[PDB]
Every structure is written in C-alpha cells, then in structure tokens.
Amino acid sequence: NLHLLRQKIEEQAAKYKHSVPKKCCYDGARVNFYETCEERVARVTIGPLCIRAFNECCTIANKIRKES
Ligand SMILES: [Ca+2]
Ligand SMILES: [Ca+2]
C-alpha cells in the first residue's frame, strides 16, 4: 500500500527537524531487498540521529509492506 506508506513515512520524517536526518529516514524507508533493516543500517555512519531515523523509518515501511 504505497499511499499509506507515503503518509506514515511523512509523519515520522516530520519529527526530524533537519534535512539530513530527514533523508536518513526517507532512505531507510526504501529498504526492501534481501537485507533487513538491522543489516542495512549497520553501514550508516553519519551519526546517532541519522541511524535512529533510518531505523525507525525502515521499520515503519517494513511493517506496512508486511500488512499489505
Ligand atoms: Ca531537500
Ligand atoms: Ca542512501
């Protein structure tokens, strides 16, 4: 469900008040191949906030894809 996915990611991204961790979130939400969120976030080295945003948005996206 791409419509819901978009809205829920926007809702979470809005919590990050700078474009860099915003993009960390958006990038996180794109993870949908064979690597899990945990595996994929291990290579994110920008800093703790970027890692949290990537994690949260990857997790949100994954849940939504699962429920569709
Ligand atoms: Ca921008
Ligand atoms: Ca990226």
# chains A, B, ... in the order shown; residues from 1 in each chain; ligands from 1
$ residues_around --residues "region 37-47 of chain A" --least-positions-apart "4" --cutoff "8 Å" --atoms "only C-alpha atoms" --output "list in words"
residues 28, 31, 51, 54, 55, 58 and 59 of chain A
$ residues_near_ligand --ligand "ligand 2" --cutoff "8 Å" --atoms "only C-alpha atoms and all ligand atoms" --output "ChimeraX atom specification"
/A:23-24,27-28
$ residues_near_ligand --ligand "ligand 1" --cutoff "12 Å" --atoms "only C-alpha atoms and all ligand atoms" --output "list in words"
residues 18, 19, 20, 21, 22, 23, 24 and 26 of chain A
$ residues_around --residues "residue 9 (chain A)" --least-positions-apart "2" --cutoff "8 Å" --atoms "only C-alpha atoms" --output "PyMOL selection string"
chain A and resi 5-7+11-13+25-26+29+57+60-61
$ select_by_dssp --residues "region 3-43 of chain A" --states "alpha helix (DSSP H)" --output "list in words"
residues 3, 4, 5, 6, 7, 8, 9, 10, 11, 12, 13, 19, 20, 21, 22, 23, 24, 25, 26, 27, 28, 29, 37, 38, 39, 40 and 41 of chain A
$ write_last_selection --atoms "N, CA and C atoms" --output "short mmCIF file (atom, residue, chain, number, x, y, z; two decimals), in the first residue's frame"
data_model
loop_
_atom_site.label_atom_id
_atom_site.label_comp_id
_atom_site.auth_asym_id
_atom_site.auth_seq_id
_atom_site.Cartn_x
_atom_site.Cartn_y
_atom_site.Cartn_z
N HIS A 3 0.15 4.41 -0.83
CA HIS A 3 -0.47 5.64 -0.34
C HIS A 3 -0.30 5.79 1.18
N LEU A 4 -0.53 4.70 1.90
CA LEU A 4 -0.36 4.66 3.34
C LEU A 4 1.11 4.79 3.70
N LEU A 5 1.94 4.06 2.96
CA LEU A 5 3.37 4.07 3.17
C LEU A 5 3.91 5.50 3.17
N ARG A 6 3.55 6.24 2.13
CA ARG A 6 3.98 7.62 1.97
C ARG A 6 3.56 8.50 3.16
N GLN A 7 2.29 8.43 3.53
CA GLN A 7 1.77 9.22 4.63
C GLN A 7 2.46 8.92 5.97
N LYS A 8 2.62 7.64 6.29
CA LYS A 8 3.23 7.24 7.55
C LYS A 8 4.71 7.63 7.61
N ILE A 9 5.39 7.58 6.47
CA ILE A 9 6.79 7.97 6.43
C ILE A 9 6.90 9.48 6.60
N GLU A 10 6.00 10.23 5.97
CA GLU A 10 5.97 11.68 6.14
C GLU A 10 5.76 12.05 7.61
N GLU A 11 4.82 11.36 8.24
CA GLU A 11 4.51 11.55 9.65
C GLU A 11 5.76 11.36 10.52
N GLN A 12 6.55 10.34 10.22
CA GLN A 12 7.75 10.10 11.01
C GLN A 12 8.88 11.07 10.64
N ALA A 13 9.07 11.30 9.34
CA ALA A 13 10.13 12.20 8.87
C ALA A 13 9.97 13.61 9.43
N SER A 19 17.24 18.40 7.28
CA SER A 19 17.09 17.68 6.03
C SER A 19 17.99 16.44 5.98
N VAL A 20 19.09 16.44 6.73
CA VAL A 20 19.98 15.28 6.66
C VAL A 20 19.34 14.07 7.37
N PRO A 21 18.91 14.22 8.65
CA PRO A 21 18.24 13.03 9.20
C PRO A 21 16.86 12.78 8.55
N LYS A 22 16.25 13.79 7.95
CA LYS A 22 15.06 13.53 7.15
C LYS A 22 15.40 12.57 6.02
N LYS A 23 16.52 12.81 5.33
CA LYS A 23 16.89 11.95 4.22
C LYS A 23 17.31 10.57 4.73
N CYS A 24 17.91 10.53 5.92
CA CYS A 24 18.18 9.23 6.54
C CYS A 24 16.89 8.41 6.69
N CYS A 25 15.83 9.07 7.16
CA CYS A 25 14.53 8.42 7.27
C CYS A 25 14.02 7.96 5.91
N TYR A 26 14.03 8.86 4.93
CA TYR A 26 13.48 8.52 3.61
C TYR A 26 14.24 7.38 3.00
N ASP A 27 15.57 7.40 3.15
CA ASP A 27 16.42 6.33 2.62
C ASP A 27 16.11 5.02 3.34
N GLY A 28 15.94 5.11 4.65
CA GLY A 28 15.60 3.95 5.46
C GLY A 28 14.34 3.28 4.95
N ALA A 29 13.33 4.08 4.62
CA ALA A 29 12.04 3.54 4.22
C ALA A 29 12.10 2.85 2.86
N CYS A 37 16.42 -4.36 8.01
CA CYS A 37 16.73 -3.01 8.49
C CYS A 37 18.03 -2.99 9.29
N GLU A 38 18.14 -3.94 10.20
CA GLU A 38 19.29 -4.03 11.09
C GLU A 38 20.58 -4.21 10.28
N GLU A 39 20.54 -5.10 9.30
CA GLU A 39 21.70 -5.35 8.44
C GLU A 39 22.05 -4.11 7.64
N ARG A 40 21.03 -3.44 7.14
CA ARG A 40 21.26 -2.33 6.24
C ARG A 40 21.71 -1.09 7.00
N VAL A 41 21.19 -0.87 8.21
CA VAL A 41 21.58 0.32 8.97
C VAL A 41 23.00 0.23 9.53
#
$ closest_residue --among "A:53, A:34, A:65, A:2" --to "residue 14 (chain A)" --atoms "only C-alpha atoms"
A:53
$ closest_residue --among "A:33, A:62, A:50, A:1" --to "residue 16 (chain A)" --atoms "only C-alpha atoms"
A:50
